[PDB]
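Worksheet: one structure, shown below.
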Amino acid sequence: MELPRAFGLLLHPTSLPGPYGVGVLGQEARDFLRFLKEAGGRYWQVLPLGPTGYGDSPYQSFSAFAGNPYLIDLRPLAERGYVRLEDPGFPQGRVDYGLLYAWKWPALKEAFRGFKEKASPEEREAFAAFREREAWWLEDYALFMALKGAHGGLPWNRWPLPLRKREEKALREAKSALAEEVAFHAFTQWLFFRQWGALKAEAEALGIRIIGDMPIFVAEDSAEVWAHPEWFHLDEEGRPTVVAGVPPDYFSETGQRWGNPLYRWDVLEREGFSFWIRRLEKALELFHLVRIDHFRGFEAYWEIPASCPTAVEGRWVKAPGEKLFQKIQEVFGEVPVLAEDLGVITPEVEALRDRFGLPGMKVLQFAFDXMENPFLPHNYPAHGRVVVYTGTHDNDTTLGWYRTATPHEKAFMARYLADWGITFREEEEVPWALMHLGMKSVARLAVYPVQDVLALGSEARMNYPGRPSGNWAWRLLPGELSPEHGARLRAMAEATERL
Ligand SMILES: *[C@@H]1O[C@H](CO)[C@@H](O[C@H]2O[C@H](C)[C@@H](N[C@H]3C=C(CO)[C@@H](O)[C@H](O)[C@H]3O)[C@H](O)[C@H]2O)[C@H](O)[C@H]1O
Ligand SMILES: OC[C@@H]1C[C@H](O)[C@@H](O)[C@@H](O)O1
């Protein structure tokens, strides 16, 4: 993997502007890629693109393979007469996931019935071909989703045992009885991957690479966990005996208790790591670079007992990261992965990362709270193989962060910036000052959240880790991301050898 010296922008597709309550894979997405090209940007970073449940988090999806039906543009379907679209009164500047849930699912189902009614034979055959091609995960996903309508939205591990345990007759009967519902979920996937593939081709024509993302741990209530319970630490009822998270941090005094099921890595190794090969394969269909959230988990993971309500109780357990990445390398060739190596990082995590040539990350919001700080540009690797951010989707906006920063952080930030020739007068200028610092550094890639380009405060924060609600909702307003913003990004990239 050869990283050129460049910049990019972090913008989850949901945050795009446009009608009907959520950003989608259509014209406004194309406009953003055009904006990015004219700004001199060469990378677009997104978060995981799978279907979300309660909390609306990309990082806890009903499937490790499925695409988010909320990202489906309905306008192309309306043009073909499959559905009539009416705005129910979506807000400006944010996703109302409650109203989106209430309006978009019925609109998708209406489009599916219209499709079965009016679709040309060519479209039906394309849809059927897609299904055959993706059956190895799609049959499980569509039935998993279909079965939730038969059982009050219960998670798979609360379903009647014959279904929970995937008995052959139970499954066969269910697939038959829920044939239409199964087909509708398949249809949402066909549309997602067609629309994404189109958008990927557009990015490629404009010289833009898409950085994707995948959590190390998958979600408890997901189709693949249901299909392969032996791969996870579950009890006889299919419930996790232990769960994922991070220990009592400097940050969180009780930690983060993520709740995800943990892998039986011994079982995965004996099985040949097929889940990981497939995940990476699928990610590489959608993205040019893929980041793995919590990369340190491949070396060792914090195992929290299920009966513990926080992340305080537990232990570190070693994982065969070396074994997995040797296998990936001998089977894919060259690891096109980015390591999310934030948090408590040991020498063993770093050596695993460096052994496989994986670029790590740097976050400038973390750089000013103590000159040996690793997030300060002068401490970055000489080889430059790192991605620098002002903040990620888990951080506040940089203006928001600055407003609550400690006096010592603020003073050291100003001085350190001054050492790099960078000055500012107004606090609203801090996001651009830090973006400038990142671009001046040796990091091959500088990727910035669009909220920092706009210098927005804490209201535009994408995620606040720990809080279960109010997240993943920020959206651009139409025209907010202006030609002048693009020209300023372009000047900065030109001034720092990134164009
Ligand atoms: C890396 O992965 C993180 C873990 O998934 C992700 O975190 C966000 O998404 C989580 C799903 C969300 N909720 C979980 C966290 C808890 C406590 O920390 C539990 O109480 C919930 O039941 C879980 O669902 C996180 O709050 C949220 O930060 C990061 O965004 C990603 O970078
Ligand atoms: O959830 C945000 C971060 C993600 C990261 O992988 C982990 O190390 C911890 O610090 O929390």
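Below, all heavy atoms of this structure are taken into account, side chains as well, without hydrogens, waters or symmetry copies. Every number for a ligand or one of its atoms is a count from 1 in the order of the listing. For reference, positions follow the sequence shown, starting with 1.
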Below 3.5 Å, N or O to N or O, backbone or side chain included: is there any such pair between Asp249 and ligand 2?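 For ligand 2, there is no N or O atom that lies under 3.5 Å from one belonging to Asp249.
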Using distance alone, with no hydrogens and no angle criterion, decide if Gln45 and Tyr389 have a side-chain donor and acceptor under 3.5 Å apart.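 Checked: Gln45/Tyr389 side chains pair up, N/O donor to acceptor below 3.5 Å.
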Donor on one side chain, acceptor on other, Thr406 and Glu409, under 3.5 Å: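 Note: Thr406 and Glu409 side chains meet the donor-acceptor criterion.
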By side-chain hydrogen bond (donor to acceptor under 3.5 Å, both in side chains) - contacts of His378 (at least two apart):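 Residues passing side-chain hydrogen bond (donor to acceptor under 3.5 Å, both in side chains) with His378: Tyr416.
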What residues, two or more places apart in sequence or in another chain, satisfy side-chain hydrogen bond (donor to acceptor under 3.5 Å, both in side chains) together with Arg278?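 Partners of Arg278 by the side-chain hydrogen bond (donor to acceptor under 3.5 Å, both in side chains) criterion come out as none, since no residue qualifies.
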Which of the ligand 2 atoms, numbered from 1, are nearer than 4.0 Å to a heavy atom of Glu340: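 In order of number, 4 (C), 5 (C), 6 (O).
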Who's touching ligand 1 if we go heavy atoms under 4.0 Å?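 Shell around ligand 1 (4.0 Å, heavy atoms): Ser57, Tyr59, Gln60, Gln256, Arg257, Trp258, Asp293, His393, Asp394, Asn463, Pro465, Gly466, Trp472.
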Looking at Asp341, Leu289, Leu3, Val386, which one forms a side-chain contact (heavy atoms from CB on, under 4.5 Å) with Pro359?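 Option passing the side-chain contact (heavy atoms from CB on, under 4.5 Å) with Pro359: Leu3.
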Ligand 2 versus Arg296: contacting region, heavy-atom distance under 4.0 Å: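 Contact part for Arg296 vs ligand 2: neither.
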If you measure from each non-hydrogen atom of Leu342 to ligand 2, which part falls under 4.0 Å: side chain, backbone, both or neither?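 For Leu342, only backbone atoms sit under 4.0 Å from ligand 2.
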Can you tell me the protein heavy atom closest to atom 9 (C) of ligand 2 and the distance?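 That would be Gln256 NE2, 3.4 Å.
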Apply salt bridge (charged side-chain N to carboxylate O under 4.0 Å, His left out) to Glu313 and list each qualifying residue two or more places apart in sequence or on a separate chain.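 Listed in chain order: nothing, the list is empty.
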Atom CD of residue position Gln92 - does it have more than 12 heavy atoms of other residues, nucleotides or ligands inside 6.0 Å?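 It does not: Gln92 CD has 12 such atoms or fewer within range.
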Which atom pair, heavy atoms only, marks the closest approach of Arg279 to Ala64?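 Taking every non-hydrogen atom into account, NE-CB, 4.0 Å.
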